[PDB]
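Given next, in structure tokens, is a single chain: the form deposited in one PDB entry.
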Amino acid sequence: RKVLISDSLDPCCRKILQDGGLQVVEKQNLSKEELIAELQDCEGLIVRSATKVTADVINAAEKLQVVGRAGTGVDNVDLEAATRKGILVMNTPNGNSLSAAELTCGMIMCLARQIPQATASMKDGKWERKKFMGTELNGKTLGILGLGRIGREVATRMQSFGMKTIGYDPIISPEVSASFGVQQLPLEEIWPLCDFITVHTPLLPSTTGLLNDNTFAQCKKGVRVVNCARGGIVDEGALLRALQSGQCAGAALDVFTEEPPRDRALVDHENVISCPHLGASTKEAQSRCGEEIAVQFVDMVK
């Protein structure tokens, strides 16, 4: 009967909760001990990416029955510690997909034409039309690794620019991938066909370092890569050397191993487009998330 929203979340969350009929507490940038103390009579907790629901927090929260996350994934909640105290963890699987898919297509275009590089150049007062030569997407081959919701939204968009969408996903059948115009192949057959590769998988052991020194070497010379999913699906170290060799012509990253990143080797490279994790950074999405999570809480109050 009492929830706490611990992060900057769309107003409409708190509304639909009270609308449902339970107390709420909008707080922000709270400290670990400040959080626990506030939590000590709250049945629910909703969080964004800021709040980290550690082992310690869950065990200091004697009343905590449920932990909702207004976003995609739960990479900021101890699931081991969660399942131990029989706690529920709630998610917002739909209401974020589109925003992430768009930023991704942004990246691909931005990579093809070096728009961010040209702006930073022009902004410094330089007219370098001698050499900023980019690529026509029409008739090029894009490789999508992770034919989830985001993966298929990215595919249908970049289809319209006349790109070949070949991809790989071990859950989805060739019959269903084909049904949104992505032809499926085994990984070893994908690397050499691609001029562009984007990744849309959760961070798993089966996925970690999916692009590494070894895959990068099987790729077309001057392939270009977009990580808007999770940090490390593309091995950060590995990419760095692929850019330095020219095996990789350029790369776009919305996500890092450390967030925010200490290893500022990549960001700083002249062929790296970067963003401080903006895949869900839209009024449109956070409202749909914030709405879809607050529903799930009220839904189970019957």
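The first residue of the shown sequence is 1; numbering continues from there. For the two forms, the rigid core is made up of the largest set of C-alpha atoms that agree within 1.5 Å on superposition.
The same protein has a further form, the form deposited in another entry, not shown here; the description that follows concerns it.
- With the two forms fitted on their core, the C-alpha shifts between this form and the one not shown stay under 2 Å for all of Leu253, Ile58, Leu239, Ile233 except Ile58.
- After superposing the rigid core, the Cα of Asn76 is displaced by 2 Å or more between this form and the one not shown.
- Put the two forms on the same core and the Cα of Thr282 is off by less than 2 Å between this form and the one not shown.
- With the core held fixed, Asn271 shows a CA shift below 2 Å between this form and the one not shown.
- Here's the thing about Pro276 and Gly73: their CA atoms end up at least 3 Å closer in that other deposited form than they are in this form.
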